[PDB]
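Have a look at the structure below before the remarks.
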Amino acid sequence: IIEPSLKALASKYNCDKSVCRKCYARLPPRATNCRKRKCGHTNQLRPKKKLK
Amino acid sequence: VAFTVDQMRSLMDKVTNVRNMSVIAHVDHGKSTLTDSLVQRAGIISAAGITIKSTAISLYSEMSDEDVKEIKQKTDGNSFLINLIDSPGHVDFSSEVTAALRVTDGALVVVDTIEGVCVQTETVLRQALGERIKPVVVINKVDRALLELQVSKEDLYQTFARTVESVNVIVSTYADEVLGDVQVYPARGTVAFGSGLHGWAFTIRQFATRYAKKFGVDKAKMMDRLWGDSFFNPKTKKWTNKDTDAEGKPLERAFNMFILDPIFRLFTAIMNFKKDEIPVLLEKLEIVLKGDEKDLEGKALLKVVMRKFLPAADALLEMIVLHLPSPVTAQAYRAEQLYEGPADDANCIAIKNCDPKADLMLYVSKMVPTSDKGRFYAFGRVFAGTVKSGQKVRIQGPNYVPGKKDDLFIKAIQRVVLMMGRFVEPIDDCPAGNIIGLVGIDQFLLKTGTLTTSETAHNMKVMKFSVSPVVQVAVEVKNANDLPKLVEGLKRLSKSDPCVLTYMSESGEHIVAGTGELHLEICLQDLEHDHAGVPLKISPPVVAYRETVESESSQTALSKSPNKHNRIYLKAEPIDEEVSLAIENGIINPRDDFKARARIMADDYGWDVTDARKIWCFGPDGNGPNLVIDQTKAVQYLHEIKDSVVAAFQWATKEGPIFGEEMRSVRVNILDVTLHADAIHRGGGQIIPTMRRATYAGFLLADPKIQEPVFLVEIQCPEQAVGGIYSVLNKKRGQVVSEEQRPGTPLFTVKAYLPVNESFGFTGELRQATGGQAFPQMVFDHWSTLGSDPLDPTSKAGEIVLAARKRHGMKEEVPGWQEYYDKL
Amino acid sequence: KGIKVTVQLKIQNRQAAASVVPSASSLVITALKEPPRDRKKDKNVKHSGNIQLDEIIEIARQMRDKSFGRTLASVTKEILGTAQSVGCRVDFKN
Amino acid sequence: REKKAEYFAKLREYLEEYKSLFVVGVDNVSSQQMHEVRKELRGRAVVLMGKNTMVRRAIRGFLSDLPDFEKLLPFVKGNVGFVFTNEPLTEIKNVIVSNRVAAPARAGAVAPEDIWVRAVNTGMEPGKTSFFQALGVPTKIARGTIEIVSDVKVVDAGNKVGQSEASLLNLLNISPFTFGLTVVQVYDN
RNA sequence: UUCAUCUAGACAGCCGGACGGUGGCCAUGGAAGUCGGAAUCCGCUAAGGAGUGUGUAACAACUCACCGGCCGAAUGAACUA
Ligand SMILES: CO[C@H]1[C@@H](O)[C@H](O)[C@H](OC[C@@]23C[C@@H]4[C@H](C)CC[C@H]4[C@@]4(C=O)C[C@@H]2C[C@H](C(C)C)[C@@]34C(=O)O)O[C@@H]1C
Ligand SMILES: Nc1nc2c(ncn2[C@@H]2O[C@H](COP(=O)(O)OP(=O)(O)O)[C@@H](O)[C@H]2O)c(=O)[nH]1
Ligand SMILES: [Mg+2]
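Protein chains in written order, with PDB author numbering: chain RA, 77 to 128; chain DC, 2 to 49, 67 to 842; chain P, 54 to 147; chain VA, 5 to 193.
So this is what it looks like as structure tokens:
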């Protein structure tokens, strides 16, 4: 009912992302280092756990 | 309006004007609200939250003689009795569903406008097609559609189109070839619309007959020209089957154009306030305001607007008769499954022909209870025959079969009752095909039961459910003095709920079954406060374990008496599962001749026919898979030891050494006995303390282990949502025995062994993993040894044993062969 | 015949059912091997093979999915060797 | 630098003997069909692919195996390649402009023409019928199989397709990148 | 400080190829490149790993390496402090 084509444009700005394993910030999916300085811009990341 | 008890009797006589249909609705798709918009409207009366239970509510309908001028089925008159049954929402309550179909032919299918057909709607749909029942859809909540979403004209039509589309699909996959056209189309005026909440409903057919006038277009052509490519040209007035014309400009679909157009205009002018369009469109549709209905504004105004345009009953009661079945054509193709036995019998042929005075064939589909001091009623369908207040009936119990006595009480009916949903009314008689009731059968029949008069006539079908009682729980009294009330109260429960089930455990606990947790609690509430009426207790249903070994003892067992005179030498070796199986299947009998038995146990199960013709005893219970094989040829007074021996054996086989629990697949091989001469030092008092301690020591050397039950669940799930289940077996050790099914039906049935300690709440997780799409058939399968040491409070089996002891208040450790050995 | 890796396409029209076989990798080590590697090894894990076989395999690849598109003989020295754990023919394959 | 340098010796060899060749373009290929067209001619016509490998062949026009490269070099652009033959053109040309036919829709790829589809049942049981639901395509039950209700124009000309719409199209057998490896430049002796 | 890519035409980018044996050895309730251990082969070109991830009940399907269209000089991996 959300049309899979828009439920991709939707996830593009919600699920399609990256998370810093230390501050949890929502970075771009392709980002290599966290843009926050609380974790000194770390390279340790993980794709934002895709829902199911 | 009301009808006298005698008009019901006279009206029921014409099975052609007998409408027996129920409800095919999803949990909250608005069935109760809609079905009761019909009572408040055209509901018949006697002469002068959660749906916990239900009955068959009856309504009257005086149709148009020319509407019945197109009804294809044997139909005589316009004096119709509508025996409407209310099937429960929610799943779990699929017991009442299966049973409400056995006492009907057709059924009313309800669907949500925006929630289309969720899993429960197709659950009820697949159940109706497995009962050969023909349905009729109704898309309710069209108000929450053009209000909670303000949906537009063309978009709304398509919304319904898809609703139709998805339903026909499940209908055609599980349909009947013996019925032909079953998937109801809005093109054939067999799927209405409306709002039970707003008090209205309408079919295309209502306007096809109201517009044949202003067009000279017959009603068969009106509704034909309203669904699909069927368009119109409001520029030349030429109904063209193309959305655009020569200018290439888009038109309105006839349905969204003439029929639906009023509706939106009403809402906005009514809700949003537009008094310059309310009285205006009022007369354009020929709607008439009177009194306080005239002054009304807002959402109140709109409700009453439809109560003058398309009042509920109107097209609703219309279709029920118009296309749905009556006993007549209905039983005339159903009779096969409705009678499980001779489909060519004279009693089964009277049902298929539908004879009101033929042999009395009435089946109580549910013992409908009441605040009648613990007494119920005998609610069921009278396939053929007349109920006489005192008539002698053959109470054929489903166990019973024509050439036997097994539960068959041919007694007579005290009083008889007419069903009215919640109203209890005493009638005289009742003709074939109609569903009625009868008090008095209760104290004779158990839950469900077939009734006849002819001894040739076999039993009818006892549901099939597919739902099955999977859940389990222990119910112990919170006061041992009121236990007697529980025993009786538990009995009443079974009778009440169609798929509910009470039964004793191997642990003594009174295990209680149900379908779902929702289900089970509803049952427990009616149990602690009503059925029994004493504070209960619901604990996890404790499993039984058969302590067992996996090899012959690490050394020969040596046990001596307490006075010290005799000692016993031997070694216990685990028997093949299929050999201990033969013991419990009644092939290797404990009452057999040691030769005949030993030849079939040696030639068939590969043993030494010496110790096989010397197989002393079975244990425990005398029929148990634990036997004592004789291998002592030197012992002089063996005869004064065989009896006292089986005594201390029957004690250890019915109470092991790991924590005092039974065993299984333990063939103890007797190799020696240091006997005496006088049975004064060879009596029970010497031989029993030895035989018991002997067995124990030998066991803890024979490599202990523990045996737990293993299930066999067959989950009926649609092939697309099958992913989740595979993973719930993946979480609770689920070896998939197999996976069979049918080429045309997606419903993939799946067999898979499931260990009892991993099925405690399984149903819920299985249900949450794939939605309630999966229906598990849990029927305990076989016994299977685990894979952890009993003396290991860290391994699977070990942890169990430790928890098992503290429960019975036993000795913490796992006492071994050193603590049961008698050395110098 | 063939027990494991048996990709079997079924092609039927109005009643007439057709039995059509793609004679895969597992089907060739059995169409060549006698009963010692054609049966009784279900409870056994068959991982034994060294013996030379020959040109009979250029036509054995004639029944295996013909989607390779070049030389029949040369492609099998590769397929039948490092993919088949029960046969090493002329030890050059690998 | 391994392959480019050793390939220089190979490239030069077939070009050094033969006096007949075809400049053929693609990109909308398929290893399967591509390497399967090499099978139609595994002795009549050899297919060699390239890139800046013929850009060193601008520096190769310099070598002069025969100075007539003044009618070949300047056609270096596109997923184009070698077509080695010493038999007549007209004959191998009927052949070359006939082995190019198959590509369906990479669900989201570049769509081109107006999609006009006829309304009849395709003989496939109701498996992907839930697709048709939230896609807007009136359907019915005609002998168990799914029957199309209109000669509807599902997808428009020139737009980024969706996975759900090209899935039903994949079972309707619509593969529109159909064409691919044909000709560009022709030259003899 | 190394290491070895590059106008002969890199890195990145955008256009589209990403095949076969093969649902490879079994192992399989089920495993087709993507539960698991062993093989990691050459047929052929520009290439396509018995396959880099996503996904499937397994398939489908998406997507990489490889390889090709264009662009045209760096600037890429690894370590040092
Ligand atoms: C048709 O309804 C069936 C099925 O639900 C299933 O076969 C169920 O199995 C119950 C148990 C049966 C086991 C064997 C017969 C030997 C051990 C018995 C059990 C003891 O722990 C294991 C399962 C679960 C029950 C424990 C919790 C006490 C059993 C019992 O009846 O006591 O029985 C009911 C009556
Ligand atoms: N908008 C709207 N809501 C409805 C309608 N009918 C029922 N409901 C809602 O559904 C609920 C009752 O569902 P019920 O009738 O209990 O579902 P059932 O048990 O399957 O029959 C109420 O709380 C209503 O808000 C309707 O016609 N329109
Ligand atoms: Mg209700």
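Even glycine gets a Cβ: it sits at the ideal position worked out from N, Cα and C.
Does the distance from the C-beta atom of residue i to that of residue j stay below 8 Å?
| i | j | result |
| --- | --- | --- |
| residue 476(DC) | residue 359(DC) | yes |
| residue 485(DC) | residue 82(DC) | no |
| residue 89(VA) | residue 24(VA) | yes |
| residue 184(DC) | residue 137(VA) | yes |
| residue 52(VA) | residue 65(VA) | no |
| residue 107(VA) | residue 125(VA) | no |
| residue 205(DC) | residue 245(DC) | yes |
| residue 784(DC) | residue 689(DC) | no |
| residue 693(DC) | residue 775(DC) | no |
| residue 158(VA) | residue 99(VA) | no |
| residue 686(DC) | residue 646(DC) | yes |
| residue 76(P) | residue 117(P) | yes |
| residue 625(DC) | residue 728(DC) | no |
Which value, in whole angstroms, describes the spacing of the CA atoms of residue i and residue j?
| i | j | result |
| --- | --- | --- |
| residue 148(VA) | residue 109(RA) | 56 Å |
| residue 207(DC) | residue 281(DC) | 19 Å |
| residue 105(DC) | residue 736(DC) | 23 Å |
| residue 551(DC) | residue 582(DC) | 58 Å |
| residue 54(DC) | residue 126(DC) | The model contains no atoms for residue 54(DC), which sits in the stretch where chain DC goes from 49 to 67 directly. |
| residue 617(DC) | residue 634(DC) | 15 Å |
| residue 5(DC) | residue 445(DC) | 10 Å |
| residue 113(VA) | residue 179(VA) | 11 Å |
| residue 490(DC) | residue 410(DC) | 39 Å |
| residue 481(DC) | residue 640(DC) | 38 Å |
| residue 468(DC) | residue 559(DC) | 33 Å |
| residue 54(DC) | residue 382(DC) | The model of chain DC omits the segment between 49 and 67, and residue 54(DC) is among the residues lacking coordinates. |
| residue 130(P) | residue 139(P) | 14 Å |
Within 10 angstroms of the Cβ of residue i, are there 16 or more other Cβ atoms? Answer buried if so, exposed if not.
| i | result |
| --- | --- |
| residue 216(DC) | buried |
| residue 521(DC) | exposed |
| residue 135(P) | exposed |
| residue 545(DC) | buried |
| residue 233(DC) | exposed |
| residue 668(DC) | buried |
| residue 365(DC) | buried |
| residue 569(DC) | exposed |
| residue 142(P) | buried |
| residue 27(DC) | buried |
| residue 9(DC) | buried |
| residue 524(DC) | exposed |
| residue 579(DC) | buried |
Identify each residue in the segment 24–49 of chain VA for which the Cβ-Cβ distance to at least one residue of chain P is less than 8 Å, and report them in chain order. 36, 39, 40, 42, 43, 46
Selection of the segment 161–189 of chain VA by Cβ proximity to chain RA, strictly under 8 Å: 166, 167, 168
Got a list of residues with beta-carbon closer than 6 Å to any non-hydrogen atom of ligand 3, in chain order? 33(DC), 69(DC), 107(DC)
With 8 Å as the C-beta to C-beta threshold (strictly closer), list the residues of the segment 107–136 of chain P near chain VA in chain order. Of all residues in the segment 107–136 of chain P, only 120, 122, 123 come within less than 8 Å of chain VA when Cβ atoms are compared, listed by chain position.
In chain order, what residues of the segment 115–129 of chain DC put their CB closer than 9 Å to some CB of chain VA? Residues passing the 9 Å Cβ filter: none.
Looking at chain RA, which residues of the segment 131–142 of chain VA have a Cβ within less than 9 Å of any of its Cβ atoms? 138
Give the residues from the segment 239–266 of chain DC that approach chain VA closer than 8 Å (Cβ to any Cβ), ordered along the chain. Listed by position, the residues of the segment 239–266 of chain DC near chain VA (Cβ gap below 8 Å) are 246, 247.
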